[PDB]
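Structure first, commentary second.
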Amino acid sequence: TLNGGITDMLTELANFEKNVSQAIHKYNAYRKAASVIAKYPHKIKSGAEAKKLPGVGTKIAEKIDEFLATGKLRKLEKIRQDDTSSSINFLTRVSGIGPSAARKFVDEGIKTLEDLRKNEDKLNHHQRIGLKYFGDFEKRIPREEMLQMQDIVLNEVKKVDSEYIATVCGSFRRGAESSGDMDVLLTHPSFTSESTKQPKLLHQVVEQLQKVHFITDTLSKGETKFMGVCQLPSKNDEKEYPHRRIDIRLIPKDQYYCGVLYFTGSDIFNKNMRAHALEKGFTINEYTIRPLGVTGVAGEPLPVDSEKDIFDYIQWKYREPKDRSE
DNA sequence: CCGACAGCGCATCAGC
DNA sequence: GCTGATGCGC
DNA sequence: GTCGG
Ligand SMILES: O=c1ccn([C@H]2C[C@H](O)[C@@H](COP(=O)(O)NP(=O)(O)OP(=O)(O)O)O2)c(=O)[nH]1
Ligand SMILES: [Cl-]
Ligand SMILES: [Cl-]
Ligand SMILES: [Cl-]
Ligand SMILES: [Cl-]
Ligand SMILES: [Mn+2]
Ligand SMILES: [Mn+2]
Ligand SMILES: [Mn+2]
Ligand SMILES: [Mn+2]
Ligand SMILES: [Mn+2]
Ligand code: NA
Ligand code: NA
């Protein structure tokens with residue numbers, strides 16, 4: 001982690017602007033700068049050297065000089081001493097609680113894990129589950145565990161219908177030795193951009209996973225996107241595995257490539273790639289890659305048959321999943 | 001010195 | 001009931 | 001907070 005010190009400062013700053021300042025752009029700005037720095041193959045010796053990287057400006061340049069000069073950043077040392085900011089930051093760590101709900105709870109006197117446990121009646125379903133699994137969701141998932149999970153999801157999928165195609169994406173597909181959660185991309189021949197022949201496609205898949213006790217809870221659930229919890233099965237008498245977050249997204253079969261490009265990420269990567277697309281005159285989403293008319297309006301979907309094809313349309317050398325971790 | 005910053009599914013609410 | 005703005009998340 | 005124009 002050549003510049004682990006600096007990227008942490010930045011990430012902390014991004015989290016602050018997002019959770020406490022509710023300044024989403026500043027948030028993204030720091031994330032981007034932290035991303036470009038993380039891949040910079042040199043140990044940064046100064047804020048000037050860093051400012052040469054696209055994304056780092058005069059403000060981050062100074063913060064970096066200050067950090068390198070003392071190993072600390074005053075603005076952050078203070079933020080850490082502000083109870084309100086500490087509470088808001090902490091509450092946002094619970095799935096379902098955003099900057100808004102956090103600042104609210106703080107106002108109503110709720111600002112500790114304990115305060116939340118006694119006011120479960122003031123949380124919506126999602127916030128309740130997030131609170132319930134707070135601890136577990138903090139633990140990372142070892143790849144070896146992701147592999148055990150993949151077999152269970154894929155095999156349980158096939159058992160509902162041998163025509164489903166379940167693909168694990170997210171950081172898992174990017175090659176991470178550890179993942180924050182499991183992301184599943186699902187496709188079935190009956191669901192395409194031209195029609196939904198069969199209904200409940202996603203339902204039955206969830207239903208099945210719940211039947212075998214793999215899926216333990218639901219944060220949210222719709223026709224195409226499921227957000228819940230799951231747990232690997234444990235052998236006889238051995239300790240129990242941490243509950244884990246699991247996202248399942250059903251995408252039209254004929255749009256798998258745009259969907260798989262989206263779900264593999266990373267998020268910062270997608271951001272850069274989609275920003276670049278616009279620069280070249282295109283707009284990309286999880287379903288398609290359309291051309292941008294002079295008026296701005298997006299045209300019809302262009303033909304796609306691989307992830308690379310999409311990359312071509314924007315003038316970018318194809319980059320493997322493992323090199324998309326920005 | 002300005003406006004843009006990627007794109008979208010779900011839960012929830014206010015209003016009609 | 002619907003529509004659309006908001007919060008929160010991928 | 002940063003950047004292209
Ligand atoms: O803001 C977002 C969030 C996610 N995504 C896409 C890309 C990301 O890789 C994918 C999965 O989302 P996760 O939040 O699961 N992140 P990821 O799997 O990359 O990392 P990890 O789960 O290990 O934190 O969803 C976006 O496009 N924008
Ligand atoms: Cl902002
Ligand atoms: Cl610090
Ligand atoms: Cl596609
Ligand atoms: Cl579309
Ligand atoms: Mn993930
Ligand atoms: Mn996820
Ligand atoms: Mn548990
Ligand atoms: Mn570009
Ligand atoms: Mn009402
Ligand atoms: Na720069
Ligand atoms: Na949260």
Side-chain angles (χ1 to χ4, degrees), chain A residues 9-11 13-14 16-19 21-37 47 50-64 75 91-105 123-130 137 169-173 179-186 202 206 218-228 245-252 255 258-280 282-290 292 296 298 310 314 326:
Chain A
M9 167 182 65
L10 298 183
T11 296
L13 283 166
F16 168 81
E17 296 300 338
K18 188 198 164 192
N19 310 322
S21 297
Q22 281 180 281
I24 197 55
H25 299 307
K26 292 195 175 188
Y27 164 65
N28 290 315
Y30 287 120
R31 296 196 71 198
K32 185 180 195 171
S35 174
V36 50
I37 284 178
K51 192 184 181 187
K52 283 184 172 298
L53 298 198
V56 176
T58 301
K59 305 305 293 291
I60 286 178
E62 307 174 318
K63 293 189 159 55
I64 288 187
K75 180 180 174 57
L91 293 172
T92 54
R93 293 169 66 182
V94 176
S95 181
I97 303 185
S100 182
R103 188 171 283 282
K104 184 176 176 185
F105 292 137
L123 306 175
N124 53 45
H125 185 63
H126 182 172
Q127 301 171 322
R128 282 187 58 150
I129 306 304
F137 294 178
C169 312
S171 56
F172 177 82
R173 193 158 181 288
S179 290
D181 77 353
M182 172 169 267
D183 301 304
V184 181
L185 174 50
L186 190 61
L202 181 59
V206 171
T218 293
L219 292 176
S220 54
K221 177 178 176 305
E223 305 269 41
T224 65
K225 188 188 71 179
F226 172 78
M227 275 188 51
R245 278 277 292 98
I246 186 168
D247 296 315
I248 303 175
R249 182 66 180 286
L250 175 66
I251 281 194
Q255 302 183 313
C258 275
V260 77
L261 171 62
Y262 153 75
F263 226 15
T264 298
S266 67
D267 59 345
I268 303 297
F269 168 80
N270 281 344
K271 267 193 178 295
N272 288 36
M273 181 170 207
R274 298 175 173 199
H276 181 63
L278 292 173
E279 265 178 45
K280 296 300 185 182
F282 299 77
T283 181
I284 303 169
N285 60 31
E286 58 269 63
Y287 311 118
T288 69
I289 171 171
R290 294 163 295 169
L292 287 183
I310 299 178
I314 60 180
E326 309 206 306

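Below, read A as the first sequence line, B as the second, and so on, with proteins coming before strands; counting in each chain starts at 1. Excluded from the calculations below are hydrogen atoms, water molecules and symmetry mates; all remaining heavy atoms, backbone and side chain alike, are included.
Atom P of nucleotide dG4(D) and atom CG of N272(A) are separated by 13 Å, given to the nearest angstrom. Atom CD in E279(A) sits about 13 Å away from atom P in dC3(D), given to the nearest Å. When the P atom of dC5(B) is taken as reference, atom OH of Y27(A) falls 18 Å away, rounded to whole Å. When the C1' atom of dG9(C) is taken as reference, atom CZ of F137(A) falls 13 Å away, rounded to whole Å. Atom pair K104(A):NZ and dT6(C):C1' shows a separation of 13 Å (rounding to whole Å applied). Taking atom NE2 on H125(A) and atom P on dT12(B), their separation rounds to 9 Å, with Å as the unit. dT6(C) atom P lies 19 Å from atom CG of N124(A), rounded to whole Å. Rounded to whole Å, atom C1' of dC8(C) lies 12 Å from atom CG of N19(A).
Residue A101(A) has its side chain nearest to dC8(C) when only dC8(C), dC10(C), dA6(B) are considered. Here the side chain of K63(A) is nearest to one of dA6(B), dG1(D), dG9(C), namely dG1(D). Listed candidates were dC10(C), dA6(B), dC8(C). Nearest to the side chain of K271(A) is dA6(B).
One N or O on the side chain of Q127(A) and one on the backbone of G96(A) form a donor-acceptor pair closer than 3.5 Å.
Counting non-hydrogen atoms under 4.0 angstrom, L53(A) reaches the backbone sugars and phosphates but no base. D183(A) comes within 4.0 angstrom of sugar-phosphate atoms only, judged by non-hydrogen atoms across all strands, and of no base. Counting non-hydrogen atoms under 4.0 angstrom, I24(A) reaches nothing in the nucleic acid. Residue contacts shown for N28(A) are absent, as no nucleic acid heavy atom lies under 4.0 Å away. As judged by a 4.0 angstrom heavy-atom cut-off over every strand, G170(A) is placed among residues making no nucleic acid contact. If you check every strand for non-hydrogen atoms under 4.0 Å, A33(A) touches nothing. Counting any heavy atom pair closer than 4.0 Å across all strands shown, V36(A) reaches no nucleic acid atom. No contact: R103(A) has no heavy atom under 4.0 Å from any strand.
Using a 3.5 Å distance cut-off with no hydrogens or angles, the side chains of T264(A) and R173(A) do pair a donor with an acceptor. Using modelled atom types, one finds a donor on one side chain and an acceptor on the other under 3.5 Å when comparing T58(A) with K51(A).
For the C1' atoms, the distance from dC3(D) to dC5(B) is 10 Å, rounded to whole Å. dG1(D) and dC8(B) have their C1' atoms separated by 25 Å, with the value rounded to a whole Å.
No side-chain heavy atom of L186(A) sits under 4.5 Å from any side-chain heavy atom of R249(A). Inter-residue side-chain proximity for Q22(A) and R103(A) is flagged as met; some heavy-atom pair is nearer than 4.5 Å. Here the side chains of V184(A) and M182(A) are in contact, with some heavy-atom distance below 4.5 Å.
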Under the 3.5 Å Watson-Crick or G-U criterion, the dot-bracket string of DNA chain B, with | for inter-strand pairs: ||.||.||||||||||
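For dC8(C), the base is not stacked against the aromatic ring of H126(A), per a cut-off of 5.5 Å between centres and 30° between planes.
Both conditions, centre separation below 5.5 angstrom and plane angle below 30 degrees, do not jointly hold for the six-membered rings of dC5(B) and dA6(B).
For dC10(C), classification of the furanose by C1'-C2'-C3'-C4' yields a north pucker, on the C3'-endo side. A positive value of the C1'-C2'-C3'-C4' torsion places the sugar of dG1(C) in the north (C3'-endo) family. Nucleotide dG9(C) carries a north-puckered sugar, as indicated by a positive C1'-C2'-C3'-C4' torsion.
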List, with names and distances, any nitrogen or oxygen atoms from the protein found under 3.5 Å away from nitrogen or oxygen atoms belonging to nucleotides 7-10 of chain B.
from: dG7(B); atom 1: OP1; to: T283(A); atom 2: OG1; distance (Å): 2.9
from: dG7(B); atom 1: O4'; to: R274(A); atom 2: NH1; distance (Å): 3.4
from: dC8(B); atom 1: OP1; to: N285(A); atom 2: ND2; distance (Å): 3.3
from: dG9(B); atom 1: OP1; to: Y287(A); atom 2: OH; distance (Å): 2.5
from: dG9(B); atom 1: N3; to: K225(A); atom 2: NZ; distance (Å): 3.0
from: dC10(B); atom 1: OP1; to: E223(A); atom 2: N; distance (Å): 3.1
from: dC10(B); atom 1: OP1; to: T224(A); atom 2: N; distance (Å): 2.9
from: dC10(B); atom 1: OP1; to: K225(A); atom 2: N; distance (Å): 2.9
from: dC10(B); atom 1: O3'; to: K221(A); atom 2: N; distance (Å): 3.4
from: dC10(B); atom 1: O3'; to: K221(A); atom 2: O; distance (Å): 3.4

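Shown here for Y30(A) and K63(A), the closest heavy-atom pair between the two residues is OH-CE, 3.9 Å. Across all non-hydrogen atoms, the minimal contact from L261(A) to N270(A) is O-OD1, 3.5 Å. Contact record, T218(A) with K221(A): CG2-CB, 3.9 Å, taken as the closest heavy-atom pair.
Partners of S95(A) according to the side chain to side chain donor-acceptor pair (under 3.5 Å) rule, which considers only residues two or more places apart in sequence or in another chain, are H126(A).
Put simply, SG on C258(A) and CD1 on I284(A) are 7.0 Å apart, with the number rounded to the nearest 0.5 Å.
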